[PDB]
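J.: Pasting a structure below so you can have a look.
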Amino acid sequence: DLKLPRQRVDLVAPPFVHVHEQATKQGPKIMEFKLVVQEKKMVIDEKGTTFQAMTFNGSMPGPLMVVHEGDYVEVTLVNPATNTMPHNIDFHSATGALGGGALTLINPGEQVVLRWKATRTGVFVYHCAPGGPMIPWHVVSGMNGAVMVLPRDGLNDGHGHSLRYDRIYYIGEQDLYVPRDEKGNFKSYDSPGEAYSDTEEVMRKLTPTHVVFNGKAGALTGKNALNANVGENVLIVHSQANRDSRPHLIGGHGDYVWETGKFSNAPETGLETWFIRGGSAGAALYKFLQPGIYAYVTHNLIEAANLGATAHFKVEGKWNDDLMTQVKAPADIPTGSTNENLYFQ
Amino acid sequence: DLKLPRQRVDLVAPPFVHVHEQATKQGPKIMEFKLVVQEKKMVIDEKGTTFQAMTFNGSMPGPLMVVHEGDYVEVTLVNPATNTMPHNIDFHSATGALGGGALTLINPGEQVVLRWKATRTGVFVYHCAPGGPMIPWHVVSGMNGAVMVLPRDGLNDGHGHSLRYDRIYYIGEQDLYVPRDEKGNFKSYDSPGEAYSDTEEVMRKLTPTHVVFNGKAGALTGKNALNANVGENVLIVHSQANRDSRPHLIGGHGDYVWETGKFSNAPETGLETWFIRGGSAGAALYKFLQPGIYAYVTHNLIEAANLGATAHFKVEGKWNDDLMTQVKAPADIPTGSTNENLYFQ
Amino acid sequence: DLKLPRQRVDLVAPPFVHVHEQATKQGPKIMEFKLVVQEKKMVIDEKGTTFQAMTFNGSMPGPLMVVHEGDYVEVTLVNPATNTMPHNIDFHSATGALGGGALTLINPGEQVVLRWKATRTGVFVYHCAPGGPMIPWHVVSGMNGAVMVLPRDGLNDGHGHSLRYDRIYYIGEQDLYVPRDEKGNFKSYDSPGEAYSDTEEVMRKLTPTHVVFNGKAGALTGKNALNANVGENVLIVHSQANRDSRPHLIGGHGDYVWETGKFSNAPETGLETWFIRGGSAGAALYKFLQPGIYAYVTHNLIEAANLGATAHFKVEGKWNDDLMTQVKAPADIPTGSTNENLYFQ
Ligand SMILES: O=N[O-]
Ligand SMILES: O=N[O-]
Ligand SMILES: O=N[O-]
Ligand SMILES: O=N[O-]
Ligand SMILES: O=N[O-]
Ligand SMILES: O=N[O-]
Ligand SMILES: O=N[O-]
Ligand SMILES: O=N[O-]
Ligand SMILES: O=N[O-]
Ligand SMILES: [Cu+2]
Ligand SMILES: [Cu+2]
Ligand SMILES: [Cu+2]
Ligand SMILES: [Cu+2]
Ligand SMILES: [Cu+2]
Ligand SMILES: [Cu+2]
Numbered sequence: 003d004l005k006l007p008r009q010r011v012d013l014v015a016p017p018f019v020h021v022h023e024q025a026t027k028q029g030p031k032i033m034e035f036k037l038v039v040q041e042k043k044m045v046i047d048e049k050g051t052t053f054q055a056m057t058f059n060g061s062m063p064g065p066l067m068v069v070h071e072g073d074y075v076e077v078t079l080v081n082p083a084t085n086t087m088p089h090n091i092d093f094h095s096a097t098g099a100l101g102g103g104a105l106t107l108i109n110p111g112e113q114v115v116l117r118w119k120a121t122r123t124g125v126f127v128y129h130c131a132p133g134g135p136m137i138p139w140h141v142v143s144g145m146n147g148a149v150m151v152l153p154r155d156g157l158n159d160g161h162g163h164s165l166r167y168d169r170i171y172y173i174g175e176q177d178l179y180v181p182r183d184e185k186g187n188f189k190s191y192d193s194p195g196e197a198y199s200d201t202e203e204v205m206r207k208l209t210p211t212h213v214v215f216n217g218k219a220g221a222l223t224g225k226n227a228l229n230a231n232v233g234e235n236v237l238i239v240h241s242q243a244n245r246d247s248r249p250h251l252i253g254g255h256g257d258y259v260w261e262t263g264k265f266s267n268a269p270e271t272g273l274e275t276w277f278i279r280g281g282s283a284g285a286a287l288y289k290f291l292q293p294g295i296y297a298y299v300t301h302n303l304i305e306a307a308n309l310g311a312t313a314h315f316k317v318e319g320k321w322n323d324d325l326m327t328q329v330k331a332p333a334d335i336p337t338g339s340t341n342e343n344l345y346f347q
Numbered sequence: 003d004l005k006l007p008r009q010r011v012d013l014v015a016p017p018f019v020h021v022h023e024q025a026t027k028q029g030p031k032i033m034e035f036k037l038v039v040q041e042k043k044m045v046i047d048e049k050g051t052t053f054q055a056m057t058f059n060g061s062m063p064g065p066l067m068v069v070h071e072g073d074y075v076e077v078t079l080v081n082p083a084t085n086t087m088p089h090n091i092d093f094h095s096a097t098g099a100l101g102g103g104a105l106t107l108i109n110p111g112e113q114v115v116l117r118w119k120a121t122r123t124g125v126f127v128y129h130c131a132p133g134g135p136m137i138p139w140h141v142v143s144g145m146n147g148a149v150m151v152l153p154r155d156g157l158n159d160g161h162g163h164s165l166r167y168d169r170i171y172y173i174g175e176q177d178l179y180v181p182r183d184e185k186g187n188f189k190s191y192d193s194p195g196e197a198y199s200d201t202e203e204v205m206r207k208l209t210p211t212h213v214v215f216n217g218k219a220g221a222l223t224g225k226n227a228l229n230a231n232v233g234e235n236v237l238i239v240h241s242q243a244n245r246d247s248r249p250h251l252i253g254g255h256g257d258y259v260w261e262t263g264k265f266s267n268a269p270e271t272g273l274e275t276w277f278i279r280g281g282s283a284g285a286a287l288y289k290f291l292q293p294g295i296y297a298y299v300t301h302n303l304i305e306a307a308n309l310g311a312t313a314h315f316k317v318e319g320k321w322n323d324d325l326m327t328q329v330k331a332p333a334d335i336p337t338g339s340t341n342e343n344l345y346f347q
Numbered sequence: 003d004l005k006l007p008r009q010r011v012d013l014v015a016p017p018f019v020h021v022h023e024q025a026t027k028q029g030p031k032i033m034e035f036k037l038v039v040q041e042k043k044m045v046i047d048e049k050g051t052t053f054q055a056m057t058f059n060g061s062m063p064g065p066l067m068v069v070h071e072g073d074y075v076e077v078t079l080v081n082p083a084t085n086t087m088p089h090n091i092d093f094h095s096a097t098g099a100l101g102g103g104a105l106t107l108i109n110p111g112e113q114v115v116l117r118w119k120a121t122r123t124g125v126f127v128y129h130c131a132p133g134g135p136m137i138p139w140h141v142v143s144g145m146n147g148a149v150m151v152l153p154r155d156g157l158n159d160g161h162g163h164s165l166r167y168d169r170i171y172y173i174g175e176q177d178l179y180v181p182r183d184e185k186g187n188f189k190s191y192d193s194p195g196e197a198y199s200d201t202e203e204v205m206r207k208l209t210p211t212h213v214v215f216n217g218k219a220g221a222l223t224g225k226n227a228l229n230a231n232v233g234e235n236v237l238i239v240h241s242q243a244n245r246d247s248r249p250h251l252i253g254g255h256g257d258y259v260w261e262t263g264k265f266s267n268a269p270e271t272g273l274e275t276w277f278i279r280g281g282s283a284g285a286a287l288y289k290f291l292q293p294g295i296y297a298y299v300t301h302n303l304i305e306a307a308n309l310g311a312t313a314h315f316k317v318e319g320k321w322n323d324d325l326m327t328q329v330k331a332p333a334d335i336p337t338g339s340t341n342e343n344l345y346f347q
């Protein structure tokens, strides 16, 4: 019945994104994706705390899927028999059947094939949703990612001008709820089922123990900082399937930001900090103007610095002293300074 | 002095809305409403937990009032002598005197009549606000609802096109703060005054025990699901007088969303999830495209699935396989599948 | 190298703002500011609770700096040797070097001079950010303020009309994390270093003990209410460097609101409540229409009434009974009232 070309896409692990065209003159296709559920213990902080995670394709977040408006997206969801739980998938980009969840419930040892038409442009969350209390549990165990539905003509500024990125990164933010014992130390378990009761008690209090990018504190710092160059226009997709976030690029801005993440709306310009409402993806474009290290955070700085939610960019290029300069390096306060006469003393 | 026709409105219990015109060619009127405060014990979850509630017109939320720009709204607020506390009303739609609170304080056995001019379009919270710590306590005990001030020409898309709904529902979301005893079980009390001290201690920690629509977990599921039909344009008004929320229609979208709730602003288009800042109402229009069950949640899924904040729509009509289809039903993973060669293993 | 006139600005304590032009025909200048770090114990609530604070210029928030687009801002940051900790400054308005933090780290006894070009219009947070866990700690200890970068032609409505304020106020909101002892009473310390470990434990749970405007509960009530007059257009700048807020003017509205705080975007009109994402400043214009007391809150009313986050305006002028009137003062419910036949009983 649907007589369109079929194109298989090979996903890649975040924060990288599978190759794609921004603008295209190709017509609609059936874009074929495979997502394999993997339950596994994972390391989620710099002290080595482990967690009974649940993932699409082995990562937190699940990988970013990219299609264009009018494409059909045919997803083979696989639940290997080494897993212990049923799983399914809800695409916030899709129309009907709880975004697909009501058509994709699979037990370990099964797979299912769902097709949805990409009628809505933007970045959108996808996540597991088995039913009842299992919905938040699978999501906050790691079972969420995002899909981007680009306009066929690529992005624009809402005022008739095309916008093109030189580089794209996907930042999935994950709130985690890790039990502690009476001594205050994080607990370890041998299976997700064994971890559940204690984890639900932490979840109920709506305060995460960790807030991480790309699955762990420090994932996108150190050697895995995100690269860019002065002059590049970088698209930063940010998702949060369960909980609000407030992204900020330290030392930069959001030149064009779709806070609610939907490209039929013009972006806002020149933001300091934006807001990803829990259950959504948003996107920001920034053209780098200065070299050096940038931090990229949620701007609850307690979350950023103390619960894991800091990434880095390492940007190559030449410094622009017109934009910013250190006029005088740190020096002893002059002896003839008169600061004791200032109004606030 | 004010020589306009008077029109008495009979309110109805949420999530339904009293009948009204969208567009009107009638001129301004004095629209007369009566709100009667009722303090009473109410059931707020599926396990039968009770709560010492305070309400306008016996419901959480209070009923939705609907008027047009330029109408005058004359509210008779009644505090029967069976109540124990003073009460008043703040209309976020109104100008002056703390939205009316400073002109409406009534003791049990009294009533008061306030008139406010509907100069500002949108959906707006109304709530009790007696003074001091009694303000949050009366609000989170249930004393809040909403008023909609429509443009006289009805809604529009911000780009010169009229928008008309076939159906309207009012979803009032309530954060509740229910004390627990040392064994961890919710406590019961014989009066609101007796519940207050323990409730304030829960309030102070800014973590609700329950987050509910229409006054209780499960209120809008089961037999009280919200009805719609494929093709209908449904307006979903959502209020939260004290605390943020992030609404999402599972399997749908917000075609047109006034997140901040004010019709002088164009709506955003094609949202997955929107954001109701605490202390406001917002509104979303969606044209149903597929039949079946939809969930409507706050997309903190812990709140949705575990604290009470899930409603259902039951939508009649014919399924559209172009928008979404199950290409292959659940089946055993083929023996010749090669998933062990995937990049993430 | 930079051959522009230099203009020294004398800052003033919030909520007031140093004098400035809205529109200007002067060209770019080097606008010179001095900020002096002051660590000190401060009183943060109406019961006299003290706190080991860290400030710019002795206040929470730090003072509002005002410049125009294209100016250069040359900041001398001073860390007197009476302080105990290193400090620095991040301007969210600036481009490069972590907003300046990477060029301004100074030990007690030192000062540094940073210049940044004001290329981005709006209101923006500035805050200390020494590194690692010290970043949130210095911020939530009080080391944050804001800078406003006005367009050279002043504000406009996004639709080609100039907007001019008669009056400006800066409301800095501060989330505080004050330890308690086993008896539940706030603890006192002799230095910030001594307070740190216990404070970090409170911070980690992401629930403030206090949420205050201008540094303390009650700061902007009583004799320090904010003054205005009927007819004045008042700009209310609101910042929150670490945590979301939802401002609301009780009895008023936001006529024009830049929620994300950036003047290249048109303001929203007629808001009831707006949203300051943590890590940002926003701004609202309101033309007062009625005299009397107004409250200005975050509309988590628990925070507003119970944790400190209420300010007042005292507005002089004549009451407008067309906008609002008390039709009938409180009176006993008429004996012939029939409220027992209402639908909700
Ligand atoms: O150690 N993780 O369960
Ligand atoms: O669920 N959000 O903060
Ligand atoms: O601006 N750095 O938090
Ligand atoms: O049982 N409610 O107080
Ligand atoms: O008060 N809001 O999350
Ligand atoms: O999309 N359902 O959470
Ligand atoms: O009393 N303050 O540390
Ligand atoms: O960090 N904000 O609620
Ligand atoms: O509208 N006063 O919360
Ligand atoms: Cu799952
Ligand atoms: Cu969802
Ligand atoms: Cu009341
Ligand atoms: Cu209010
Ligand atoms: Cu500091
Ligand atoms: Cu910052």
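Residue numbers (the authors' numbering), protein chains in the order written: chain A, 3 to 347; chain A', 3 to 347; chain A'', 3 to 347. A prime marks a further copy of an entry chain. Even for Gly, the Cβ is constructed at its ideal location relative to N, Cα and C.
1) For my contact list, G147/A'' and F346/A are in at a C-beta cut-off of 8 Å; report their separation, rounded to the angstrom.
2) Is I108/A helix, strand or coil by DSSP?
3) Specify the secondary structure class of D155/A' as computed by DSSP and reduced to three states.
4) Consider the Cβ of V114/A'': report whether some Cβ of chain A lies at a distance smaller than 8 Å.
5) Can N302/A be considered in contact with ligand 8, in the sense that its beta carbon sits closer than 7 Å to one or more heavy atoms?
6) Buried or exposed, going by whether 16 or more other CB atoms sit within 10 Å of the CB of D192/A?
7) The alpha helix (DSSP H) that contains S199/A, what's its start and end?
8) Applying a beta-carbon distance threshold of less than 7 Å, which residues of chain A'' neighbour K330/A?
9) Assign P138/A' to one of three DSSP states: helix, strand, or coil.
10) Taking the beta strand (DSSP E) that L303/A falls in, what are its first and last residues?
11) For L6/A, is the classification buried or exposed, using 16 other Cβ atoms within 10 angstroms of its Cβ as the cut-off for buried?
12) CB of residue 348/A'' to nearest heavy atom of ligand 2: below 7 Å?
13) In chain order, what residues of the same chain have a beta carbon less than 6 Å from the beta carbon of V232/A, not counting five sequence neighbours either side?
14) Closer than 8 Å by C-beta to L228/A'': which residues in its own chain qualify, once you throw out the five before and the five after it? Chain order, please.
15) Note down, in chain order, each residue of its chain lying with its Cβ closer than 7 Å to the Cβ of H94/A'', except the 5 sequence neighbours on either side.
16) Does DSSP put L100/A' in a helix, a strand or coil?
17) Sort out for me which residues DSSP pairs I278/A' with in a bridge.
18) Could you tell me whether any Cβ in chain A'' is nearer than 8 Å to the Cβ of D92/A'?
19) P269/A': which of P63/A', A286/A', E203/A' and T275/A' sits nearest, CA to CA?
20) Taking 8 Å as the CB-CB limit, is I304/A close to chain A''?
21) Return the first residue and the last residue of the beta strand (DSSP E) that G124/A'' is part of.
22) Whole angstroms are fine: how far does the CA of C130/A' sit from the CA of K49/A'?
23) Going by CA-CA distance only, name the one from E305/A'', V38/A'', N216/A'' and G29/A'' that's closest to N85/A''.
24) Ligand 1 and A219/A: does any heavy atom of the ligand fall closer than 7 Å to the residue's C-beta?
25) Judging by CA-CA distance, which residue of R8/A'', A55/A'' and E71/A'' is the nearest neighbour of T26/A''?
26) Taking just the CA atoms, how far does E305/A' sit from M136/A?
27) Quick one: grab the DSSP three-state call for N226/A''.
28) Under 8 Å Cβ to Cβ from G281/A, same chain only, skipping five residues before and after it: list those, please.
29) Is the region 158-167 of chain A' touching the region 73-92 of chain A', taking contact as three or more C-beta pairs under 8 Å?
T.: The structure says:
1) By 1-based counting over the third sequence, the position of residue 147/A'' is 145. By 1-based counting over the first sequence, the position of residue 346/A is 344. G147/A'' to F346/A, Cβ: 12 Å. No contact.
2) Counting from one through the first sequence, the residue named residue 108/A turns up at place 106. Strand.
3) Here residue 155/A' corresponds to residue number 153 of the second sequence, with the count starting at 1. Strand, per DSSP.
4) Against the third sequence, residue 114/A'' aligns to sequence position 112. Yes, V114/A'' counts as interfacial toward chain A.
5) Against the first sequence, residue 302/A aligns to sequence position 300. Yes, the Cβ of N302/A comes within 7 Å of a heavy atom of ligand 8.
6) Numbered from 1 along the first sequence, position 190 holds the residue referred to as residue 192/A. Exposed: under 16 other Cβ atoms inside 10 Å.
7) Taking the first sequence and counting its residues from 1, the one referred to as residue 199/A is at position 197. That run of the alpha helix (DSSP H) goes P194 to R206.
8) The residue given as residue 330/A occupies position 328 in the first sequence. Per Cβ cutoff of 7 Å: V114 and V115.
9) Translated into the one-based positions of the second sequence, residue 138/A' becomes position 136. Correct three-state label for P138/A': helix.
10) The residue labelled residue 303/A in the question sits at position 301 within the first sequence. Going by DSSP, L303/A is part of no beta strand (DSSP E) but of the alpha helix (DSSP H) stretching over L303 to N308.
11) As a first step, residue 6/A must be located in the first sequence, where it is residue number 4. Exposed, because fewer than 16 other Cβ atoms sit within 10 Å of the Cβ of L6/A.
12) This structure gives no information on residue 348/A'', because the portion of chain A'' shown stretches from 3 to 347.
13) Here residue 232/A corresponds to residue number 230 of the first sequence, with the count starting at 1. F290, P293 and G319.
14) Translated into the one-based positions of the third sequence, residue 228/A'' becomes position 226. Contacts found: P17, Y171, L222, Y298, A313, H314, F315 and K316.
15) As a position in the third sequence, residue 94/A'' is number 92, starting the count at 1. Counting only Cβ-Cβ distances below 7 Å, and skipping sequence neighbours, we find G101, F126, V127 and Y128.
16) Working through the second sequence from its first residue, we reach residue 100/A' at position 98. In the three-state DSSP reduction, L100/A' falls in the helix class (H, G or I).
17) What you label residue 278/A' is simply residue 276 of the second sequence in a count that begins at 1. Partner(s): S247/A'.
18) Counted from its first residue, the second sequence places residue 92/A' at position 90. Closer than 8 Å to some Cβ of chain A'', the Cβ of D92/A' qualifies, so yes.
19) Counting from 1 along the second sequence, the entry for residue 269/A' is found at position 267. Nearest C-alpha to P269/A': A286/A'.
20) Here residue 304/A refers to the residue found at position 302 when the first sequence is read from its first residue. Yes, because at least one Cβ of chain A'' sits closer than 8 Å to the Cβ of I304/A.
21) Along the third sequence, one-based indexing puts residue 124/A'' at 122. Its beta strand (DSSP E) spans residues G124 to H129.
22) On the second sequence, position 47 is the one that residue 49/A' refers to. On the second sequence, position 128 is the one that residue 130/A' refers to. The straight-line gap from Cα to Cα measures roughly 28 Å.
23) Numbered from its first residue, the third sequence carries residue 85/A'' at position 83. Of the listed residues, the one whose Cα sits closest to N85/A'' is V38/A''.
24) On the first sequence, position 217 is the one that residue 219/A refers to. Outside the cutoff, so no.
25) Within the third sequence, residue 26/A'' is the residue found at index 24, counting from 1. For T26/A'', the nearest C-alpha among the options comes from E71/A''.
26) The residue given as residue 136/A occupies position 134 in the first sequence. The residue given as residue 305/A' occupies position 303 in the second sequence. Taking the straight line from one Cα to the other gives about 13 Å.
27) Start at 1 with the first residue of the third sequence, and residue 226/A'' comes out as number 224. DSSP places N226/A'' in helix when its eight states are reduced to three.
28) Taking the first residue of the first sequence as 1, we reach residue 281/A at position 279. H94, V127, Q242, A243 and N244, listed in sequence order.
29) Output reads no: the region 73-92 of chain A' does not touch the region 158-167 of chain A'.
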